[PDB]
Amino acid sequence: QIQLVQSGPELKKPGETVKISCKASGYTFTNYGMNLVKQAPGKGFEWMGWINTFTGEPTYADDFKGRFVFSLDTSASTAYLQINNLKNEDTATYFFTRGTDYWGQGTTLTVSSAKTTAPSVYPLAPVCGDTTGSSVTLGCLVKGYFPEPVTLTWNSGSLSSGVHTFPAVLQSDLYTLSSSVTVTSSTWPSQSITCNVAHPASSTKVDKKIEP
């Protein structure tokens, strides 16, 4: 049960600051050092530097020895990455790693003078296929939101098998995402299928019942 859990998604304006955190659990925090990794959109992994979890002394790679601060809270097995004077270039997903083998689920930070925009969630119901294969595919459409990311599930997680969540796409300045789910023609409208969606940035969270 060696896990590293990072703080939620972030949306900040240029010049603002952020303090992303990570919590270790499952191993002796101060016996392994931690690394920090960046990943801009579409790009590869960029090593930001590391933290001696024993000494607490941080080390920044040449590009981050300017506006980045790495710190700890030994007692809580928690490391913090603070970025000051944010710039559009800072937009990316940051990771913490225990040495070189374990990563956190990541943390997506977005920096832009663009204001948040909740996403409009639309259900999606059949019309074609019915029982020529016996399966039925329902969907859900989340469009026109900003920034990334949005969280979606079916029936608050209970329905995870046979589901397909496609990567968000960029519009003018809004992301649209889609997701499908397939079940046996019988179980619907037999059972109730609901689409769960949350757009952290907009402190939003919506659900949509799907019907014929």
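All residue numbers refer to positions in the sequence shown, first residue = 1.
ask   = Looking at the deposited entry, does 88 to 96 or 129 to 137 carry the larger mean Cα B-factor?
value = Looking at the record's C-alpha B-factors, the answer is 129 to 137.
task = Using the B-factors recorded in the PDB entry, average over the C-alpha atoms of 60 to 68 and of 177 to 185, then report which stretch comes out higher.
result = Here the higher of the two C-alpha B-factor means belongs to 177 to 185.
inquiry  = Looking at the C-alpha B-factor values in the deposited entry, which of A168, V150, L159, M34 comes out highest?
reply    = Going by the entry's C-alpha B-factors, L159 comes out highest.
request  = Just grab whichever of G49, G26, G42, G144 has the top CA B-factor as deposited.
outcome  = The listed residue with the largest C-alpha B-factor is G144.
request  = Could you say whether, by C-alpha temperature factor, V206 belongs to the lowest, middle or highest third of its chain?
outcome  = It falls in the middle third of the chain.
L81 - which third its CA temperature factor falls in, relative to the rest of the chain = It falls in the bottom third of the chain.
task = Among all modelled residues of this chain, ranked by Cα B factor, put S120 in the bottom, middle or top third, i.e. lowest, middle or highest.
result = As the PDB entry reports it, the C-alpha B-factor of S120 lands in the highest third of its chain.
request  = Can you work out whether the C-alpha temperature factor of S75 puts it in the lowest, middle or highest third of the chain?
outcome  = Ranked within chain, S75 CA B lands in the middle tercile.
query = Of the three thirds of its chain by CA temperature factor, lowest, middle or highest, which one includes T110?
reply = For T110, whose C-alpha B-factor we compare with every modelled residue in the chain, the answer is the lowest third.
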